[PDB]
Amino acid sequence: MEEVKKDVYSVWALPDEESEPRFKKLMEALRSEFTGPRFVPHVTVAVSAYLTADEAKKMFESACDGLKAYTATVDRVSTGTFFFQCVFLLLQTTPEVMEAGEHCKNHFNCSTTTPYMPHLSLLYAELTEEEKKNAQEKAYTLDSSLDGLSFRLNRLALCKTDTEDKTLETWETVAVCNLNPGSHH
């Protein structure tokens, strides 16, 4: 009754200032032959519900006060079946990561039931299976170390995101926090 605007936010686990461009080159690249909206290298651990202004920060506030940094291994390059699961770095369900998913359930607002699939999406583009094969096919001519690939999730970002906005124009970054745990010295 005081705060009256509620929006859907998605929490993004960011890469490394040593990973990102290794990625960004692959992204800005795959996006020329085949195409679409070039975004930021990211792994998504959660998607919220209608959270007001405060109730969102306080919530990212809490999340950031957690989700210790961790690492991912690129199990493989794969293709999905819709504009958002086009080409993506399918990741391995190693412990620490599938648990970054316990984040979507982390405390109170979920979006209750989906089988969390960790991946670093490469491209969004409603393609034809054959060009899909190629996008993937072709992806492996830019990165050969790509497979077996492991990386660190240095931080987070809270983003106002409209999950169906293929134009990604409604996606906007509201905040980010760095997470470099190590604990005891």
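Start at 1 and count along the chain as shown; that gives each residue its number.
Determined by X-ray crystallography, 2.4 Å, according to the entry header.
Cβ atoms here come from the backbone N, Cα and C positions, even for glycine.
Here is what Swiss-Prot says about this protein:
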- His42: active site, proton donor/acceptor (ACT_SITE)
- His119: active site, proton donor/acceptor (ACT_SITE)
- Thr44, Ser121, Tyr124: substrate binding site (BINDING)
- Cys64-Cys177: disulfide bond (DISULFID)
- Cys104-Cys110: disulfide bond (DISULFID)
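Listed features, source the PDB entry:
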- 182-185: expression tag (SEQADV)
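Features as recorded by Swiss-Prot, highlighted on the structure.
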{"residue": "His42", "record": "active site, proton donor/acceptor", "contacts (Cβ under 8 Å, 6+ apart)": "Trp12, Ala13, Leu14, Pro15, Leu120, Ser121, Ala157"}
{"residue": "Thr44", "record": "substrate binding site", "contacts (Cβ under 8 Å, 6+ apart)": "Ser10, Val11, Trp12, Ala13"}
{"residue": "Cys64", "record": "disulfide bond", "contacts (Cβ under 8 Å, 6+ apart)": "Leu156, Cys177, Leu179"}
{"residue": "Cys104", "record": "disulfide bond", "contacts (Cβ under 8 Å, 6+ apart)": "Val11, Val45, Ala46, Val47, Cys110, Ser111, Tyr116"}
{"residue": "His119", "record": "active site, proton donor/acceptor", "contacts (Cβ under 8 Å, 6+ apart)": "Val43, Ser78, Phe88, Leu89, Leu90, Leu91"}
{"residue": "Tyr124", "record": "substrate binding site", "contacts (Cβ under 8 Å, 6+ apart)": "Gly36, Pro37, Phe39, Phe83, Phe84, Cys86, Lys166, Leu168"}
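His119 (active site, proton donor/acceptor) falls within a strand when secondary structure is assigned with DSSP. The residues near the substrate site, meaning same-chain residues not in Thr44, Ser121, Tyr124 whose C-beta sits within 8 angstroms of the mean position of the site's C-beta atoms, are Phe39, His42, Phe84, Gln85, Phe88, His119, in sequence order. Residue density at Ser121 (substrate binding site): 18 other Cβ atoms are found within 10 A of its Cβ, drawing on all protein chains shown. Across the expression tag (182-185), DSSP assigns 0 helix, 0 strand, 4 coil.
In the three-state DSSP scheme, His42 (active site, proton donor/acceptor) is classed as coil. Annotation note: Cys177 (disulfide bond) sits in a strand segment as assigned by DSSP. The number of other Cβ atoms within 10 Å of the Cβ belonging to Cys177 (disulfide bond), over all protein chains shown, comes to 15.
With a 10 A radius on its CB, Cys110 (disulfide bond) counts 15 other CB atoms from all the protein chains. As a whole number, the greatest separation of Cα atoms within the substrate-binding residue list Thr44, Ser121, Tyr124 is 15 Å. In the three-state DSSP scheme, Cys64 (disulfide bond) is classed as helix.
Secondary structure at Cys104 (disulfide bond), as computed by DSSP, is coil.
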